[PDB]
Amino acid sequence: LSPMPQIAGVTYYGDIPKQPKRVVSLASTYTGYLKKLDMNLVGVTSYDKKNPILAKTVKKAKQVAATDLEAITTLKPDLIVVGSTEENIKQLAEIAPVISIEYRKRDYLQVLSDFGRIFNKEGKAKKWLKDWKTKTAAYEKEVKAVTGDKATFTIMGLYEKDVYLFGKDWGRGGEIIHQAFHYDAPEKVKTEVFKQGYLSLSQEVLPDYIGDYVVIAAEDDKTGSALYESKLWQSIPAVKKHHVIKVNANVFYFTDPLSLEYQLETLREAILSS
């Protein structure tokens, strides 16, 4: 049995195995963390399958939704990992031990060391975290030599017809930009976005929320066309200066180590080349 330590936002259902052999991940947030710790994933989510970086590592996993109870049963999990807003966690715990995680109670780094403790893989957690810290510290110096230490970044996302701003800890590059590289956001983003983590926003007020640089996640090229062509958008200084960094949401949605490795390199390159 896993020691099952008390962790903010972690709820255990049933007896978590010390060394799980057959894991179903129903929360894309965590899939890549489990992969980093070399857990055997036999089920993953549709978002995991559409993540081109993570998808390479879980080709053998079946795509399942939380509601696919018969499919999850057939996979014979000894562990299921879910997000706490899932509506059927009671049904899932009847199939196998479940770890339920409430988002953001622990930070993107702490989540790894937490799993390290649950699964007795502190060694792999520690190793990755040490190297992440070193690498991020070095890359921070490189990007800030180009942007200046006080350059502001805004994280944004396009989803269907809606526009969002994100904070330090809701994916879309925020973890890297705001935590790993310690970039400030514009005052209005700190004030209206950081607490909630995300904010749905009219395109008309975007100029007020963008300073030196903006990172934009979208699932494809076409989604933002109208925005980018618009007078208002092209009036934005950061836009006028080609300080816009367009990234692939299919990977940038994520906060896991595997996804972040790609995001780090991508953002380093985009900033250095600005």
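Numbering starts at 1 and runs along the sequence shown. Just so we're on the same page, rigid core means the largest C-alpha set that superposes within 1.5 Å between forms.
Trainee: After a core fit, does 29-37 or 222-230 show the bigger CA gap to the shown form in 5 other deposited structures of this protein?
Mentor: Looking at 29-37 and 222-230 in 5 other deposited structures of this protein, the bigger mover is 222-230.
Trainee: Once you work out the mean C-alpha B-factor for both 201-209 and 41-49 from the entry, which is higher?
Mentor: Here the higher of the two C-alpha B-factor means belongs to 201-209.
Trainee: If you average the Cα B factors in the entry, which is higher, 106-114 or 139-147?
Mentor: The deposited B-factors put 139-147 ahead on the C-alpha mean.
Trainee: Maximum C-alpha temperature factor per the entry, among 172, 161, 168, 182, belongs to which one?
Mentor: That would be 161.
Trainee: Which third of the chain holds residue 97 when residues are ordered by C-alpha B factor: lowest, middle or highest?
Mentor: Middle third of the chain for residue 97's C-alpha B-factor.
Trainee: Sorting the chain's modelled residues by C-alpha B-factor, tell me whether residue 224 ends up in the lowest, middle or highest third.
Mentor: Tercile = highest for this residue's CA B-factor.
Trainee: Grab the CA temperature factor for residue 21 from the record and place it in the lowest, middle or highest third of its chain.
Mentor: Middle third by C-alpha B-factor.
Trainee: State the tercile, meaning the lowest, middle or highest third, of residue 190 with respect to the CA B-factors recorded for its chain.
Mentor: As the PDB entry reports it, the C-alpha B-factor of residue 190 lands in the middle third of its chain.
Trainee: Ordered by C-alpha B-factor within the chain, which third holds residue 232? Give me lowest, middle or highest, please.
Mentor: Residue 232: CA B-factor falls in the highest third of its chain.
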